[PDB]
Structures are given as C-alpha cells and as structure tokens.
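**Q** I have a structure I would like to understand better, so I am pasting it below and will then ask my questions one at a time.
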Amino acid sequence: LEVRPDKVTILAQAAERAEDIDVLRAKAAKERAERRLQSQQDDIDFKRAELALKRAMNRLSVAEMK
Amino acid sequence: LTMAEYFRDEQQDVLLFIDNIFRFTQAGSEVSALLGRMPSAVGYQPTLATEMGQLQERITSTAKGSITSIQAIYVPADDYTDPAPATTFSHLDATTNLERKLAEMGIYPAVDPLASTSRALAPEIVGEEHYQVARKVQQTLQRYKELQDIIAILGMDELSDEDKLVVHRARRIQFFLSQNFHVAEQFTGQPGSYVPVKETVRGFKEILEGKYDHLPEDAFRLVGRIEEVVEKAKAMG
C-alpha cells in the first residue's frame, strides 16, 4: 500500500474488481489459467511454419546447386 | 599409342600419359562435318562413341605387357553430360572429376570427393580399414552437402547440435583433402608433399574420430601428413 497524503496506490500481484468473496479472484485466476494453456495455437502455428520451411527446403531448393 | 603398344607387345609395363584425350574427339567433330556426315547430338560426329571405342581398348594391359594410362579429359563448358567426356567414363577403371566450385573454394586439387571413383574401393582390394574410412569421409561430406541449402538460407542457427558437428568435421575434411603439389611451388611458394597411403588413411581417421575437433579449419588447408596440420595449427596461435 503506497499511502501518500494525496494518493493511495495498491500494488497487487493479482487484482480483479470482484465481489465480497475472494474465492472469485481465484475464479478469475482459474478461468484464465488453462485458458492460457489453451494457447497451444501459439506453439502449433510455428509447427506448421517450421513445417512449411522444411517442405520448401525438402526439394533441396538446390540440387548440387544449378 | 602405337609407341607404348610396342614395349607392351614386343618386349614391360608402360605409363601412357595422354594429355586431353578430348582434343581427339573434338578435332573429330571438326572433320565429321566435312565428311558429309549427319550430325549427332550437340552436332558431334554420329560415330563419336565407336571412334573412341576403337581408340581406348587398345590402351590396355595384356598377358604380354601392362599399360597404366592416365588421360586428361577436358570438360566443355563444365558439362559432364557432353558426349565427349560422358562417353569417356565407361572407359576407365578409376576417375578423378575436377570441379570449378572446389577450385574457387581454394581446394586443390579441386577433386570431387563424391564423384571421383575407382573399382579399387573394395574391401576385397583396399582392405577394410581403408574402405570404411573411405566411405565414412564420403558419408559425412554428403551429409554436409545436403545441409547446404539450409545454411545458405537460414545460416547455421537452426541446425542441430549434431548436424553442426557434421558441418565442422565435413569442412575440415574437405579442406584436408587439399594438397601441396610439388608442381605448384614456383607460384605459391610452398614446397610440396607426397602423403603415404597409410598416413592419409590414418589422418582422416583421427579427424572422423574427433581428435582434431578443436583445431580451426584454416590449419588443415594445404598440407601433407596430418601431423603438419597440428604444426601449422600452433603457428596460428
């Protein structure tokens, strides 16, 4: 808590305008958790990309040069 | 040829040094036109093949005398598909195919390590030890060859810690394949070397076996026996 005569700063690792209950910020710490793991797409595009990059290189884009 | 044929069939072994057997076939096409012949592929004489058949087998060793011949074969426009040298291939027990690329690399003699061949490469001829190294070198030289498009596009950054090693060895092996030819010196100024077969076989072993994976490439460039590389190595710093 930064208490200044003219201002109050609340540092929070995690803060969500939430109800009386706390066992919500956990709820938000929940519905956000795996819904951040679900971000395999991040990984999987790059796969498909590292894929294409090694399929245009498959034809050995140079056969003994030429 | 008739000269060497003398000492072979009239008396001993003979070394027939024919410089550019190409000029024979070449001059051939020069006349083939005027003979009133139907031009063949590329405009070469329709007899190119046979004309060379009747002058090759003659250069051979018999039960009477032996003929070890080494012929220079020019490659027109660097095209190994050209009827002249192409057709020539099926005439040799051993070949040494020279590449312009390797030449500009500074690799001399610029000899294709994956093209040059010999009927000798057999375990039933050169021994196992010499054989396996032989292919081992070629293997890792090829594996480097394939990698080249990636290197040329993505650099070495995305190569495995295993393929990289193969890039180092390969290079240093492709460099150690360079040699000091006594008939050089007057230009470059380096003296020269004849590397014994046992010492070549061994030298590459260690390199494939990784005793040298520390020494920089340039150390292995233009040398003799593998010991020299270590010498020229320290000289580097």
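Residue numbers start at 1 in each chain; chains themselves are named A, B, ... in the order of the structure tokens; ligands are numbered from 1 in the order shown.
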Hey, what does DSSP flag as strand (DSSP E) within chain A? Can you give it to me as a PDB file with N, CA, C and O atoms, in the first residue's frame?

**A**
ATOM      1  N   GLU A   2       0.784   2.060  -1.044  1.00  0.00           N
ATOM      2  CA  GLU A   2       1.505   3.320  -1.055  1.00  0.00           C
ATOM      3  C   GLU A   2       0.535   4.382  -0.614  1.00  0.00           C
ATOM      4  O   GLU A   2      -0.313   4.828  -1.385  1.00  0.00           O
ATOM      5  N   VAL A   3       0.706   4.841   0.612  1.00  0.00           N
ATOM      6  CA  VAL A   3      -0.186   5.841   1.145  1.00  0.00           C
ATOM      7  C   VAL A   3       0.483   7.193   1.084  1.00  0.00           C
ATOM      8  O   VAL A   3       1.452   7.463   1.781  1.00  0.00           O
ATOM      9  N   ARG A   4      -0.032   8.048   0.226  1.00  0.00           N
ATOM     10  CA  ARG A   4       0.519   9.364   0.116  1.00  0.00           C
ATOM     11  C   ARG A   4      -0.647  10.234   0.450  1.00  0.00           C
ATOM     12  O   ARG A   4      -1.773   9.918   0.099  1.00  0.00           O
ATOM     13  N   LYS A   7      -2.598  10.611  -2.518  1.00  0.00           N
ATOM     14  CA  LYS A   7      -2.877   9.422  -3.329  1.00  0.00           C
ATOM     15  C   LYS A   7      -2.664   8.083  -2.596  1.00  0.00           C
ATOM     16  O   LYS A   7      -1.846   7.992  -1.683  1.00  0.00           O
ATOM     17  N   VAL A   8      -3.403   7.052  -3.008  1.00  0.00           N
ATOM     18  CA  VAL A   8      -3.255   5.698  -2.467  1.00  0.00           C
ATOM     19  C   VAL A   8      -3.019   4.669  -3.557  1.00  0.00           C
ATOM     20  O   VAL A   8      -3.936   4.356  -4.312  1.00  0.00           O
ATOM     21  N   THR A   9      -1.822   4.098  -3.608  1.00  0.00           N
ATOM     22  CA  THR A   9      -1.506   3.103  -4.627  1.00  0.00           C
ATOM     23  C   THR A   9      -1.610   1.689  -4.060  1.00  0.00           C
ATOM     24  O   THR A   9      -1.037   1.394  -3.019  1.00  0.00           O
TER      25      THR A   9
END

**Q** Residues of chain B no more than 8 Å from chain A, counting only C-alpha atoms: send them over as a ChimeraX atom specification.

**A** /B:145-146,149-150

**Q** Please produce a file of those selected residues containing C-alpha atoms, as a tab-separated table (two decimals), in the first residue's frame.

**A**
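See selection22.tsv below for the written result:
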chain	number	residue	atom	x	y	z
B	145	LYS	CA	26.20	-31.34	-48.94
B	146	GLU	CA	22.52	-31.81	-48.21
B	149	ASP	CA	20.64	-25.25	-48.76
B	150	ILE	CA	19.60	-24.55	-45.15

**Q** Can you tell me, as a list in words, what residues are no more than 10 Å from range 13-15 of chain A when counting only C-alpha atoms, ignoring any on the same chain fewer than 4 positions away?

**A**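 Skipping anything fewer than 4 positions along the chain leaves residues 25, 26, 28 and 29 of chain A.
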
**Q** Any chance you could export the current selection's N, CA, C and O atoms as a PDB file, in the first residue's frame?

**A**
ATOM      1  N   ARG A  25     -11.424 -14.102  -7.132  1.00  0.00           N
ATOM      2  CA  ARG A  25     -10.152 -13.749  -7.795  1.00  0.00           C
ATOM      3  C   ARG A  25      -9.452 -15.049  -8.160  1.00  0.00           C
ATOM      4  O   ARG A  25      -8.751 -15.120  -9.172  1.00  0.00           O
ATOM      5  N   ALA A  26      -9.660 -16.082  -7.337  1.00  0.00           N
ATOM      6  CA  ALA A  26      -9.255 -17.436  -7.692  1.00  0.00           C
ATOM      7  C   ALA A  26     -10.035 -17.888  -8.931  1.00  0.00           C
ATOM      8  O   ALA A  26      -9.450 -18.369  -9.895  1.00  0.00           O
ATOM      9  N   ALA A  28     -11.210 -16.067 -11.259  1.00  0.00           N
ATOM     10  CA  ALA A  28     -10.564 -15.449 -12.400  1.00  0.00           C
ATOM     11  C   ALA A  28      -9.167 -16.011 -12.618  1.00  0.00           C
ATOM     12  O   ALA A  28      -8.720 -16.116 -13.760  1.00  0.00           O
ATOM     13  N   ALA A  29      -8.468 -16.346 -11.530  1.00  0.00           N
ATOM     14  CA  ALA A  29      -7.157 -16.993 -11.628  1.00  0.00           C
ATOM     15  C   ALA A  29      -7.353 -18.405 -12.200  1.00  0.00           C
ATOM     16  O   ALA A  29      -6.410 -19.046 -12.673  1.00  0.00           O
TER      17      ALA A  29
END

**Q** Using CA of residue 17 in chain B and CA of residue 57 in chain B as the two end points, give the distance in Å to one decimal.

**A** 15.1 Å

**Q** Please, what distance in Å, to one decimal, runs between CA of residue 62 in chain B and CA of residue 118 in chain B?

**A**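 Separation of CA of residue 62 in chain B and CA of residue 118 in chain B: 20.0 Å.
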
**Q** From a backbone DSSP assignment, name each residue in range 179-217 of chain B labelled helix (DSSP H, G or I), as a list in words.

**A** residues 185, 186, 187, 188, 197, 198, 199, 200, 201, 202, 203, 204, 205, 206, 207, 208, 209 and 217 of chain B
